[PDB]
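Structure file run_6.txt with compact mmCIF, C-alpha atoms and all ligand atoms:
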# COMPACT_ATOMS: atom_id res chain seq x y z
CA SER A 1 18.25 -6.97 -41.64
CA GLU A 2 17.72 -7.30 -37.92
CA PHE A 3 19.66 -7.77 -34.69
CA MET A 4 17.82 -8.94 -31.60
CA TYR A 5 19.03 -9.36 -28.03
CA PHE A 6 16.89 -11.00 -25.34
CA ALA A 7 17.96 -10.75 -21.74
CA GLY A 8 16.45 -12.87 -19.03
CA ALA A 9 13.44 -11.12 -17.60
CA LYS A 10 14.64 -9.57 -14.36
CA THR A 11 12.51 -8.03 -11.63
CA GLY A 12 13.42 -4.80 -9.89
CA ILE A 13 13.78 -6.00 -6.29
CA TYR A 14 17.40 -4.70 -6.23
CA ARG A 15 16.51 -1.08 -7.22
CA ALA A 16 16.99 0.71 -3.93
CA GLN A 17 19.84 -1.41 -2.64
CA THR A 18 22.04 -0.84 -5.70
CA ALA A 19 21.20 2.87 -5.75
CA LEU A 20 22.44 2.98 -2.16
CA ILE A 21 25.75 1.39 -3.15
CA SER A 22 26.11 3.91 -5.98
CA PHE A 23 25.34 6.84 -3.68
CA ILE A 24 28.00 5.57 -1.24
CA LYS A 25 30.74 5.25 -3.88
CA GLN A 26 29.87 8.76 -5.06
CA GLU A 27 30.13 10.32 -1.61
CA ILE A 28 33.49 8.62 -1.19
CA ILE A 29 34.81 9.60 -4.61
CA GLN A 30 33.51 13.14 -4.05
CA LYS A 31 35.96 13.40 -1.16
CA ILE A 32 38.94 13.30 -3.61
CA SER A 33 37.59 15.96 -5.99
CA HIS A 34 40.15 17.61 -8.26
CA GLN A 35 43.11 15.61 -6.97
CA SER A 36 45.93 15.38 -9.44
CA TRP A 37 46.72 11.63 -9.40
CA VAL A 38 44.26 8.95 -8.27
CA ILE A 39 44.91 5.22 -8.71
CA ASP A 40 42.06 2.71 -8.84
CA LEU A 41 42.97 -0.88 -7.94
CA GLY A 42 40.56 -3.21 -9.72
CA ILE A 43 38.77 -0.69 -11.88
CA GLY A 44 36.91 -3.31 -13.95
CA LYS A 45 34.42 -2.06 -16.58
CA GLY A 46 34.61 1.49 -15.28
CA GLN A 47 31.42 1.43 -13.21
CA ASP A 48 32.84 4.34 -11.20
CA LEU A 49 33.98 6.26 -14.27
CA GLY A 50 31.03 8.64 -14.19
CA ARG A 51 31.80 9.31 -10.52
CA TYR A 52 35.48 10.02 -11.16
CA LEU A 53 34.52 12.42 -13.94
CA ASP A 54 31.92 14.23 -11.81
CA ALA A 55 34.62 14.60 -9.14
CA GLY A 56 37.01 16.29 -11.57
CA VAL A 57 39.94 14.00 -10.82
CA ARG A 58 42.72 15.15 -13.06
CA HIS A 59 44.74 11.96 -13.71
CA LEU A 60 43.03 8.61 -13.15
CA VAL A 61 45.18 5.45 -13.28
CA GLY A 62 42.96 2.38 -13.53
CA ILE A 63 44.50 -1.08 -13.15
CA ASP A 64 42.82 -4.42 -13.81
CA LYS A 65 43.73 -7.86 -15.08
CA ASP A 66 40.67 -8.56 -17.21
CA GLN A 67 41.19 -7.20 -20.74
CA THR A 68 37.49 -7.76 -21.44
CA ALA A 69 36.43 -5.55 -18.55
CA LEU A 70 38.95 -2.86 -19.51
CA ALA A 71 37.60 -2.78 -23.07
CA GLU A 72 34.13 -2.09 -21.72
CA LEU A 73 35.66 0.83 -19.79
CA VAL A 74 37.08 2.12 -23.08
CA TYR A 75 33.70 1.81 -24.82
CA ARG A 76 32.08 3.51 -21.86
CA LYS A 77 34.52 6.43 -22.02
CA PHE A 78 34.14 6.96 -25.77
CA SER A 79 30.43 6.35 -26.08
CA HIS A 80 28.73 8.83 -23.81
CA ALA A 81 30.31 12.28 -24.31
CA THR A 82 31.45 14.61 -21.48
CA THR A 83 32.40 18.24 -20.89
CA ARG A 84 32.48 19.35 -17.28
CA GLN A 85 35.37 20.47 -15.14
CA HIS A 88 39.27 20.48 -16.05
CA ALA A 89 38.87 17.21 -18.00
CA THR A 90 40.29 14.04 -16.67
CA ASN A 91 43.10 12.16 -18.17
CA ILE A 92 42.71 8.38 -17.96
CA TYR A 93 45.54 5.80 -17.99
CA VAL A 94 44.45 2.16 -18.12
CA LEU A 95 47.07 -0.40 -17.08
CA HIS A 96 46.47 -4.05 -17.84
CA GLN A 97 48.17 -5.82 -14.93
CA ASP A 98 47.78 -8.71 -12.47
CA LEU A 99 47.85 -7.02 -9.09
CA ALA A 100 49.16 -10.16 -7.37
CA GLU A 101 52.54 -9.79 -9.08
CA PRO A 102 55.32 -8.37 -6.91
CA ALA A 103 54.51 -4.85 -5.77
CA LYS A 104 57.94 -3.65 -6.93
CA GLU A 105 57.23 -4.54 -10.56
CA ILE A 106 53.74 -3.02 -10.43
CA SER A 107 55.11 0.16 -8.90
CA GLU A 108 57.72 0.40 -11.67
CA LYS A 109 55.19 0.03 -14.48
CA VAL A 110 52.90 2.62 -12.88
CA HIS A 111 55.73 5.07 -12.26
CA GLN A 112 56.69 4.75 -15.92
CA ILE A 113 53.30 6.15 -16.96
CA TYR A 114 54.13 9.38 -18.77
CA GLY A 115 53.66 12.12 -16.18
CA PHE A 116 53.08 10.05 -13.07
CA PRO A 117 54.70 11.90 -10.14
CA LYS A 118 57.98 10.66 -8.70
CA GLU A 119 56.63 11.44 -5.23
CA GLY A 120 53.50 9.36 -5.85
CA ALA A 121 49.79 9.79 -6.23
CA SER A 122 47.36 11.43 -3.86
CA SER A 123 44.84 8.62 -3.47
CA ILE A 124 44.32 4.93 -4.07
CA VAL A 125 40.73 3.82 -4.52
CA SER A 126 39.65 0.21 -4.60
CA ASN A 127 36.01 -0.86 -4.59
CA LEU A 128 35.18 -4.50 -3.95
CA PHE A 129 38.57 -5.75 -5.07
CA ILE A 130 40.92 -6.38 -2.14
CA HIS A 131 39.28 -9.69 -1.27
CA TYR A 132 40.99 -11.20 -4.34
CA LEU A 133 44.27 -10.52 -2.53
CA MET A 134 43.31 -11.96 0.91
CA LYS A 135 44.71 -15.33 -0.13
CA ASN A 136 47.62 -15.58 2.33
CA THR A 137 49.92 -13.38 4.34
CA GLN A 138 52.30 -12.61 1.49
CA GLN A 139 49.47 -11.30 -0.68
CA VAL A 140 48.27 -8.91 2.04
CA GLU A 141 51.81 -7.68 2.64
CA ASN A 142 52.19 -7.23 -1.11
CA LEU A 143 49.04 -5.08 -1.17
CA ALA A 144 50.34 -2.85 1.62
CA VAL A 145 53.76 -2.49 0.02
CA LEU A 146 52.18 -1.60 -3.33
CA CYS A 147 50.02 1.08 -1.72
CA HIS A 148 53.04 2.48 0.11
CA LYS A 149 55.09 2.68 -3.09
CA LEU A 150 52.40 4.38 -5.17
CA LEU A 151 51.41 7.03 -2.63
CA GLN A 152 52.97 10.27 -1.66
CA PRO A 153 53.25 10.83 2.09
CA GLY A 154 49.88 11.87 3.42
CA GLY A 155 48.18 10.09 0.56
CA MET A 156 45.09 8.11 1.40
CA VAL A 157 43.64 4.69 0.64
CA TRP A 158 39.88 4.57 0.05
CA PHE A 159 38.75 0.95 0.36
CA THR A 160 35.37 -0.70 0.02
CA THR A 161 34.93 -4.34 0.91
CA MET A 162 32.67 -7.03 2.22
CA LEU A 163 33.47 -7.26 5.94
CA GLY A 164 34.67 -10.70 6.99
CA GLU A 165 33.95 -10.19 10.69
CA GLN A 166 30.31 -9.42 9.92
CA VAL A 167 29.87 -12.29 7.48
CA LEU A 168 31.25 -14.82 9.94
CA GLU A 169 29.08 -13.33 12.66
CA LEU A 170 26.11 -13.49 10.28
CA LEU A 171 26.74 -17.14 9.47
CA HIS A 172 27.15 -18.12 13.12
CA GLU A 173 23.99 -16.36 14.32
CA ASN A 174 22.08 -18.24 11.68
CA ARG A 175 23.82 -21.48 12.56
CA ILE A 176 25.22 -22.16 9.13
CA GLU A 177 27.58 -25.12 9.01
CA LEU A 178 30.28 -26.07 6.52
CA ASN A 179 28.56 -26.46 3.16
CA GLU A 180 25.27 -24.74 4.03
CA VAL A 181 23.71 -21.52 2.76
CA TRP A 182 22.26 -18.49 4.46
CA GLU A 183 19.48 -17.03 2.40
CA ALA A 184 17.73 -13.73 2.53
CA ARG A 185 14.32 -14.32 0.90
CA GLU A 186 11.62 -11.86 -0.11
CA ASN A 187 8.06 -12.76 -1.04
CA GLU A 188 9.31 -16.36 -1.56
CA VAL A 189 12.39 -15.57 -3.69
CA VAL A 190 16.03 -15.92 -2.59
CA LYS A 191 17.33 -12.38 -2.83
CA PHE A 192 20.84 -12.75 -1.38
CA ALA A 193 22.78 -15.75 -0.14
CA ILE A 194 26.14 -16.89 1.20
CA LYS A 195 27.57 -20.40 1.06
CA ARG A 196 29.97 -21.13 3.89
CA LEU A 197 33.18 -22.68 2.55
CA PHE A 198 35.46 -22.61 5.60
CA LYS A 199 35.70 -25.24 8.33
CA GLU A 200 37.09 -22.97 11.05
CA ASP A 201 34.65 -21.25 13.39
CA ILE A 202 37.07 -18.40 14.22
CA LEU A 203 37.98 -15.64 11.79
CA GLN A 204 41.32 -16.51 10.16
CA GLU A 205 43.82 -13.93 8.96
CA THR A 206 43.54 -15.13 5.36
CA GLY A 207 42.27 -17.82 3.06
CA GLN A 208 38.70 -18.41 4.24
CA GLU A 209 36.34 -18.76 1.27
CA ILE A 210 32.63 -18.14 0.91
CA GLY A 211 30.32 -18.30 -2.07
CA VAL A 212 28.11 -15.28 -2.80
CA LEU A 213 24.95 -15.79 -4.84
CA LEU A 214 25.08 -13.98 -8.17
CA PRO A 215 21.66 -12.33 -8.55
CA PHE A 216 19.17 -13.48 -11.19
CA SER A 217 21.31 -16.54 -11.91
CA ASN A 218 19.81 -19.94 -11.10
CA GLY A 219 21.92 -20.53 -8.00
CA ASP A 220 25.34 -19.63 -9.39
CA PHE A 221 27.71 -18.99 -6.51
CA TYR A 222 30.97 -17.15 -7.06
CA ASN A 223 33.74 -17.74 -4.54
CA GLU A 224 35.62 -15.01 -2.72
CA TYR A 225 37.91 -14.82 0.27
CA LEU A 226 36.79 -13.17 3.48
CA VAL A 227 38.42 -9.84 4.30
CA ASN A 228 39.69 -9.78 7.87
CA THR A 229 39.68 -6.01 8.32
CA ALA A 230 41.54 -6.26 11.63
CA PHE A 231 44.29 -8.22 9.86
CA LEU A 232 44.25 -5.91 6.86
CA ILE A 233 44.56 -2.78 9.01
CA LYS A 234 47.24 -4.43 11.12
CA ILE A 235 49.39 -5.32 8.10
CA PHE A 236 48.90 -1.80 6.75
CA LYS A 237 50.07 -0.48 10.13
CA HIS A 238 53.30 -2.51 9.89
CA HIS A 239 53.84 -0.69 6.57
CA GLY A 240 53.47 2.96 7.49
CA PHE A 241 49.71 3.55 7.43
CA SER A 242 47.40 4.96 10.10
CA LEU A 243 43.71 4.11 10.26
CA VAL A 244 41.52 7.13 9.55
CA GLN A 245 37.96 5.77 9.30
CA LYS A 246 36.14 2.44 9.25
CA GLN A 247 32.40 2.32 8.90
CA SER A 248 29.52 0.17 7.71
CA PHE A 249 27.66 0.92 4.50
CA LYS A 250 24.57 0.95 6.72
CA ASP A 251 25.66 4.34 8.03
CA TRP A 252 24.95 6.10 4.74
CA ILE A 253 21.27 5.12 4.82
CA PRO A 254 20.17 8.30 6.65
CA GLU A 255 21.85 10.63 4.11
CA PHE A 256 20.34 8.40 1.42
CA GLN A 257 16.89 9.67 2.43
CA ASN A 258 17.92 13.11 1.14
CA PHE A 259 19.18 11.63 -2.14
CA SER A 260 15.91 10.08 -3.36
CA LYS A 261 13.34 9.77 -0.57
CA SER A 262 11.61 7.31 -2.91
CA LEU A 263 14.30 4.58 -2.98
CA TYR A 264 15.00 5.16 0.73
CA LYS A 265 11.52 4.07 1.78
CA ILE A 266 11.68 0.93 -0.44
CA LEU A 267 14.87 -0.47 1.13
CA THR A 268 13.83 -3.73 2.79
CA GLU A 269 15.12 -5.46 5.89
CA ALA A 270 16.97 -7.95 3.66
CA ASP A 271 18.54 -4.98 1.87
CA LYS A 272 19.67 -3.47 5.17
CA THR A 273 21.04 -6.80 6.36
CA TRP A 274 22.97 -7.29 3.11
CA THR A 275 24.29 -3.73 3.13
CA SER A 276 25.49 -4.21 6.71
CA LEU A 277 28.03 -6.77 5.44
CA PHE A 278 29.94 -4.08 3.52
CA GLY A 279 32.05 -1.23 4.81
CA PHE A 280 34.42 1.63 4.04
CA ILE A 281 38.00 1.91 5.29
CA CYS A 282 40.21 4.99 4.92
CA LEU A 283 43.94 4.70 5.67
CA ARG A 284 46.61 7.40 5.53
CA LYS A 285 50.31 7.05 4.75
CA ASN A 286 52.57 8.53 7.40
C1 LIG A 301 34.08 -6.31 -8.10
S1 LIG A 301 34.99 -5.90 -9.39
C2 LIG A 301 34.73 -4.30 -9.76
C3 LIG A 301 35.75 -3.28 -9.30
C4 LIG A 301 35.26 -1.89 -9.58
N1 LIG A 301 36.03 -0.88 -8.89
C5 LIG A 301 33.85 -1.81 -9.15
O1 LIG A 301 33.56 -1.32 -8.08
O2 LIG A 301 32.99 -2.23 -9.88
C6 LIG A 301 36.54 -6.34 -9.05
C7 LIG A 301 37.54 -6.26 -10.19
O3 LIG A 301 38.73 -6.82 -9.73
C8 LIG A 301 39.45 -7.30 -10.82
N2 LIG A 301 40.48 -8.25 -10.40
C9 LIG A 301 40.29 -9.42 -9.84
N3 LIG A 301 41.45 -10.02 -9.59
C10 LIG A 301 42.41 -9.22 -10.00
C11 LIG A 301 43.87 -9.24 -10.04
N4 LIG A 301 44.56 -10.27 -9.57
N5 LIG A 301 44.48 -8.19 -10.56
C12 LIG A 301 43.82 -7.16 -11.04
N6 LIG A 301 42.52 -7.08 -11.03
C13 LIG A 301 41.76 -8.06 -10.54
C14 LIG A 301 38.40 -7.92 -11.70
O4 LIG A 301 38.84 -7.93 -13.05
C15 LIG A 301 37.22 -7.03 -11.45
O5 LIG A 301 37.06 -6.09 -12.48

Can I see the file as structure tokens?
Ligand SMILES: C[S@@+](CC[C@H](N)C(=O)[O-])C[C@H]1O[C@@H](n2cnc3c(N)ncnc32)[C@H](O)[C@@H]1O
Amino acid sequence: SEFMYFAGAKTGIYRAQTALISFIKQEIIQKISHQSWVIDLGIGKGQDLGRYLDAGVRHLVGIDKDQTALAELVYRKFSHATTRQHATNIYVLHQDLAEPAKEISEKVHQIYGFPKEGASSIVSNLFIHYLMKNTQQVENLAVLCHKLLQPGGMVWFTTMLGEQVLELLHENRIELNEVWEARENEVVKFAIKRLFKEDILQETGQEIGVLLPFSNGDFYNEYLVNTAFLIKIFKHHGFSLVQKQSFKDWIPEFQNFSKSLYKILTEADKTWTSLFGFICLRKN
């Protein structure tokens, strides 16, 4: 009897760049070590689960809408055994995070043991763009974060930066349905398809297509995150900006965490990384 699985042959040109992203998420998640209640908005397949465990978070609440992803998080938890401090409890909530923030806050608060006052941190990595659809969706996101947090709680966001993408497209003179491409030794490494007519950054609703790597030109559409607009809506809802910084700024520390991968990062890697950034906000 035999079972065989053949993946497409895939080169390693994304080695160093994806190790940089992992290092960044780890340094961010390390900052909330041993907190009692941490909520993750858009937790997916649990890619950050190893990080949350290494940080000793005590109660992780992970919310996502994709039952398939969440099952992979369950398999990941139960395969792969752990025993390091003191053990994190995990609560997975299957929920569409575009629904009214009041309902989502009620379901979360009904999780056995969730604090009436609220959690200590909200983490969301590469998710908030799904909610940049229109003004109501951004307000909903800020009201949901306000309801789930205790005062002084913090929001730890990670996102593609819409200002930088628009600036990137303009400097390369990319018009409506055209594509910016990275290219390395004659292969398209990264790419962005412009899908907005406007030449000025809109609050909400501007789409681009990002190339999915190792596909044969499959582009997946996302909205642009206007971080100015995001931070401004969060300000209207009781949050102060704490920190806002490009992923490119972790590259020097990265040299101390694997000198090897540091030296292999290419100029296309650095340009792609520059499009992503961290944003910390605190509830007043
Ligand atoms: C880029 S992924 C991965 C997020 C994860 N924290 C990570 O860094 O890998 C974004 C996740 O957002 C989830 N998502 C997209 N739209 C959503 C919605 N309306 N409600 C809840 N989750 C959503 C997807 O299921 C996906 O797992």

ask   = Residues within 10 Å of ligand LIG 301 (chain A) (all atoms listed in the file), as a PyMOL selection string?
value = chain A and resi 21-22+25+40-49+62-70+95-101+125-133+159-161

Between atom CA of residue 176 of chain A and atom CA of residue 192 of chain A - distance in Å to one decimal =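 Computing the Euclidean distance for atom CA of residue 192 of chain A and atom CA of residue 176 of chain A yields 14.8 Å.
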
key: Neighbour list for residue 179 of chain A as a VMD selection string, cut-off 8 Å, only C-alpha atoms, skip fewer than 2 positions in-chain   = chain A and resid 177 181 195 to 197

key: Distance criterion (only C-alpha atoms): nearest to residue 136 of chain A out of A:204, A:247, A:1, A:26   =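 So, comparing all the options, the nearest one is A:204.
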
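Nearest residue to residue 139 of chain A, choosing from A:235, A:10, A:258, A:29 and counting only C-alpha atoms: A:235.
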
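For the residues A:191, A:246, A:135, A:109, ranking by smallest atom-to-atom distance to residue 219 of chain A using all atoms listed in the file places A:191 first.
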
query = Could you name the residues that touch segment 162-164 of chain A at 7 Å or less, counting only C-alpha atoms, but leaving out those on the same chain fewer than 2 positions away, as an NGL selection string?
reply = :A and (166-168 or 226-229 or 277-279)

Dump as a PDB file, in the coordinates of the input, selection limited to C-alpha atoms:
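Contents of part.pdb, as written:
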ATOM      1  CA  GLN A 166      30.310  -9.420   9.920  1.00  0.00           C
ATOM      2  CA  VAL A 167      29.870 -12.290   7.480  1.00  0.00           C
ATOM      3  CA  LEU A 168      31.250 -14.820   9.940  1.00  0.00           C
ATOM      4  CA  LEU A 226      36.790 -13.170   3.480  1.00  0.00           C
ATOM      5  CA  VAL A 227      38.420  -9.840   4.300  1.00  0.00           C
ATOM      6  CA  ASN A 228      39.690  -9.780   7.870  1.00  0.00           C
ATOM      7  CA  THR A 229      39.680  -6.010   8.320  1.00  0.00           C
ATOM      8  CA  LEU A 277      28.030  -6.770   5.440  1.00  0.00           C
ATOM      9  CA  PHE A 278      29.940  -4.080   3.520  1.00  0.00           C
ATOM     10  CA  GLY A 279      32.050  -1.230   4.810  1.00  0.00           C
TER      11      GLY A 279
END

key: Residue among A:32, A:281, A:53, A:267 lying closest to residue 254 of chain A, counting all atoms listed in the file   =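 When distances to residue 254 of chain A are compared using all atoms listed in the file, the smallest one comes from A:267.
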
ask   = So which residues are close to (15.8, 1.6, -1.9), meaning at most 12 Å away in the file's coordinates with only C-alpha atoms counted, and can you show them as an MDAnalysis selection string?
value = chainID A and resid 12:23 253:254 256:257 259:272 275

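Counting all atoms listed in the file, the residue from A:218, A:154, A:148, A:94 that sits nearest to residue 71 of chain A is A:94.
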
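Neighbours of residue 169 of chain A closer than or equal to 10 Å, with all atoms listed in the file counted and sequence neighbours fewer than 4 positions away skipped, come out as residues 164, 165, 173, 174, 175, 201, 202, 203 and 277 of chain A.
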
key: Atom-to-atom span, atom CA of residue 50 of chain A and atom CA of residue 9 of chain A, Å   =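 Computed distance, atom CA of residue 50 of chain A to atom CA of residue 9 of chain A, equals 26.7 Å.
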
task = Pick out the residues sitting within 6 Å of segment 81-92 of chain A, and hand them over as JSON, numbers by chain; count all atoms listed in the file, and ignore anything fewer than 6 positions along from it in its own chain.
result = {"A": [56, 57, 58, 59, 60]}

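Distance-wise, atom CA of residue 190 of chain A and atom CA of residue 252 of chain A end up 24.9 Å apart.
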